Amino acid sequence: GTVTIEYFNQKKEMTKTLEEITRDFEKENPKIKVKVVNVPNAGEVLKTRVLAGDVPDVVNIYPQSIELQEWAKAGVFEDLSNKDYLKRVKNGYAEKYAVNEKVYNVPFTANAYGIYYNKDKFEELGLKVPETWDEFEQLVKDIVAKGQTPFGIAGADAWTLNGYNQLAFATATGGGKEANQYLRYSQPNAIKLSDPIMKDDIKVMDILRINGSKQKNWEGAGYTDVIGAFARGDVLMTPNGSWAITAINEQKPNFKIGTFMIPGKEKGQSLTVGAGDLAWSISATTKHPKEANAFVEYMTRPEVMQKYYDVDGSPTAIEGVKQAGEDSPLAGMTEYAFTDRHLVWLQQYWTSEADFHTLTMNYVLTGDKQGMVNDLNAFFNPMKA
């Protein structure tokens, strides 16, 4: 009678809201039960489960990932090309992450990356949003001079600075394809310390390495600790994705939250990075395909999607959803969503990303400029060969 399906979740920040939508689905479909699964190291466990052959019915997988690309070709995921609900996805966002000209992922939302800032304290200290690298250098120094902590960096979570270093190369080269040309599709051992592009990368990275730029006990600070630190007003800024604001809002800040994109060398060269945030795939070997499809179809509904957006905040590709204006806290970060200024994660054409997080954070810890170059070459050479 009643059949149970599973939804593998990687959106830890939205657990409470996604479970609320699930119950709303369960109340409308009494013959269907859905288990929302949240596990630590969800990326590794999903790899484990896909190999083991215990693929969850509905899977939150990021559509730019090589995992999605490889598994879709293998036939792990159901083809969703001829589904009616795929027409509810505007901006041709479903077709963007097509594999063999076939859609295997429904990306509901698009995540972005930038800098969160405390509007109140910024006004209090009379500081403006930077528009160049040099202005971003000056802002950090001026916060230090005022006796405040500019950045809250999570030293124990290297992934938090993934978007930062990816935008460091992006603003240095011009975009995503330009960044992958220097790092990924270049010759083996092409990345040199003398390269102006690498000199630019270091310069952008050195902004996090200004004297007194980071909070006390940052080396062993987690993602949760930095959210709390920013919410209390211990730090004025924190670099993170658009996925963080729901957890920041949770902590009840005593200030209005603002965002801005990482600037380029000159004005009007700022970029953002991201892909499908809330992005769902259906297992091809699911025992209950009708029930699983209905669950995905449910999330494509505008009044259901409004429930998610009003909490999350990331731009949605779903039609009929009233999105927040330019007064929104995520505005400065997510303004250029679905434009040329928003480039896909660079690990769309990599084999992994874990080591890129390491070498990014290692530099913030050490400052070894040659060491970072060595790490970059050591990371990208296996992909070229």
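The first residue of the shown sequence is 1; numbering continues from there.
Higher average CA B factor: 186 to 194, of the stretches 186 to 194 and 295 to 303. Mean CA B-factor, 351 to 359 versus 25 to 33: the higher value falls on 25 to 33. You'll see in the entry that, of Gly155, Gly276, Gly92, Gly163, the Cα B factor peaks at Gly92. Highest C-alpha temperature factor among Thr238, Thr173, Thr246, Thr109, as the PDB entry reports it: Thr173. Sorting the modelled residues of the chain by their CA temperature factor places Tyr85 in the highest third.
When all modelled residues of the chain are sorted by CA temperature factor, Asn374 is found within the middle third. Sort the modelled residues of the chain by CA B factor and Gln64 lands in the lowest third.
The entry lists a Cα temperature factor for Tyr104 that places it in the highest third of the chain's modelled residues. Placement of the Cα temperature factor of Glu13 within the chain: lowest third of the modelled residues, per the deposited record.
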